[PDB]
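The lines below spell out each chain.
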Amino acid sequence: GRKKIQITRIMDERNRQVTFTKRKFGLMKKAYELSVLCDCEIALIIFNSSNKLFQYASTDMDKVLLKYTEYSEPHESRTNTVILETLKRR
Amino acid sequence: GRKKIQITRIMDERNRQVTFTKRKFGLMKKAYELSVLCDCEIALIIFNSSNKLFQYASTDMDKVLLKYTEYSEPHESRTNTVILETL
DNA sequence: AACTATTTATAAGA
DNA sequence: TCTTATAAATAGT
């Protein structure tokens, strides 16, 4: 990036859409590279704010999702949590 | 990277494992940033070569997967396909 | 595991 | 979309 940007929701609609398209390609690209380099199985489902779907899966999506739903051990899972935060002085 | 690397399976076991751990964090990180920045719902399931699971989901994994299985329109889908290559 | 040069991604300005 | 300068990730150590 020509500038550092904060990680909060982009407010400009068209900016949000461009950022979405490029970052999504980059993310599927990094997913592909992870799967190849480290010999692992990835499935990546993305729904844009308008509920349109975009997906990546190394092997085969329904294979990976089946394996998921049957997996019955504790495992590393991360998520998004919203925090209350005070801003800078300005 | 201190070196450019080819995109093929890392042969050294321990190298593969370190690369896995760091790149996975980076990938979940970029996923989180995408979901926040562009207000979208992501689900990312990874099974390492030993069949151990690692996951990221912005909202809630079963929510996203339900939405997936019901989605009935054509959509952008990618996968990995193997190519023959000269050196 | 941390730290650093080299690469890979990406945001602003066009 | 493109260009470019800048920030962010990562491959070796």
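Residues numbered from 1 in each chain as written, not as in the entry; some residues may be left out. Chains lettered and ligands numbered in written order. Heavy atoms only, no water.

What the entry reports as its method is X-ray crystallography, with 2.97 Å given for the resolution.

**Regarding the UniProt feature "domain: MADS-box" in chain B**
Under the feature "domain: MADS-box", the UniProt entry names residues 2-56 of chain B. End C-alpha atoms of residues 2-56 of chain B are separated by 28 Å, and the span's content is 47% helix alongside 20% strand. (UniProt positions renumbered as here; feature names shortened; annotations may be inferred. Helix = DSSP H or I, 4+ residues; strand = E, 2+ residues; numbered from the N terminus.)

**Some remarks on the protein's contact with DNA strand C**
Around DNA strand C there are 15 residues in total, and A:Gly1, A:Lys22, B:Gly1, B:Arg2 and B:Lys30 lie nearest to it. Among the atoms of DNA strand C close to the protein, meaning within 4 Å, 70% are from sugar or phosphate groups. Between a base nitrogen of DNA strand C and a main-chain N or O atom of A:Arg2, the distance comes to 3.0 Å. In this structure, B:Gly1 approaches DNA strand C through a main-chain N or O atom, which is 3.0 Å from a base oxygen. Ranked by the residues each element gives to the surface near DNA strand C, the list is headed by helix 1 (residues 13-38) of chain A, at six residues. Looking at the surface near DNA strand C residue by residue, the class counts come to one nonpolar, four polar and ten charged. (Near = heavy atom within 4 Å. Polar contact = N/O pair within 3.5 Å; in protein donor to acceptor, adjacent residues only side chain to side chain. Nonpolar A, V, L, I, M, F, W, Y, C, P; charged D, E, K, R; others polar.)

**Structural notes on the protein's contact with DNA strand D**
The environment of DNA strand D is formed by 15 residues, the closest being A:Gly1, A:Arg2, B:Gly1, B:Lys22 and B:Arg23. Within the side chain of A:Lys30, an N or O atom sits 3.4 Å from a phosphate oxygen of DNA strand D. Note that a base oxygen of DNA strand D is positioned 2.5 Å from one of the backbone N or O atoms of B:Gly1.

**Quick notes on the interface of chain B and chain A**
Tallying the contact residues gives 57 residues for chain B and 56 residues for chain A. Summing both partners gives a buried area of about 5,500 Å² for chain B against chain A, and 61% of it is carried by carbon and sulfur. At the junction of chain B with chain A, the criterion picks out six salt bridges. Where A:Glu33 meets B:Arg23, a salt bridge forms, and the shortest distance between an N and an O atom there is 3.1 Å. If you look at where chain B meets chain A, you find 35 residue pairs in polar contact. Counting residues per element, the ones that place at least two in the side of chain B that touches chain A are helix 1 (13-38), strand 1 (41-47), strand 2 (53-57), helix 2 (61-70) and strand 3 (76-79) of chain B. A class-by-class count of the residues in the side of chain B that touches chain A yields 29 nonpolar, 14 polar and 14 charged. Both strand 1 (residues 41-47) of chain A and strand 1 of chain B contribute to a ladder of seven bridges, which runs antiparallel. (Contact = heavy atoms within 4.5 Å. Buried area = accessible area lost by both parts, 1.4 Å probe. Salt bridge = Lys/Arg side-chain N within 4 Å of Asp/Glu carboxyl O. Pairing = 2+ DSSP bridges.)

**Regarding the sheet that holds strand 3 of chain B**
A sheet is described by the order of its strands in space; here six strands give the open sequence 3(A)-2(B)-1(B)-1(A)-2(A)-3(B), paired in mixed fashion. The open sheet has two edge strands, strand 3 (76-79) of chain A together with strand 3 of chain B, and neither has a second partner. Looking at each pair of strands side by side, their axes are set apart by 5 degrees on average, direction ignored. Across the sheet, helix 2 (residues 61-70) of chain A is in contact with strand 1 and strand 2 (53-57) of chain A together with strand 1 and strand 2 of chain B; its angle to strand 1 of chain A comes to roughly 100 degrees. (Axes fitted to C-alpha atoms, helices over the stretch in contact; angles between N-to-C directions.)

**Here's the deal with the UniProt feature "domain: MADS-box" in chain A**
UniProt feature "domain: MADS-box": in the numbering of this structure it lies at residues 2-56 of chain A. In residues 2-56 of chain A, helix accounts for 47% and strand for 20%; the two terminal C-alpha atoms are 28 Å from one another.

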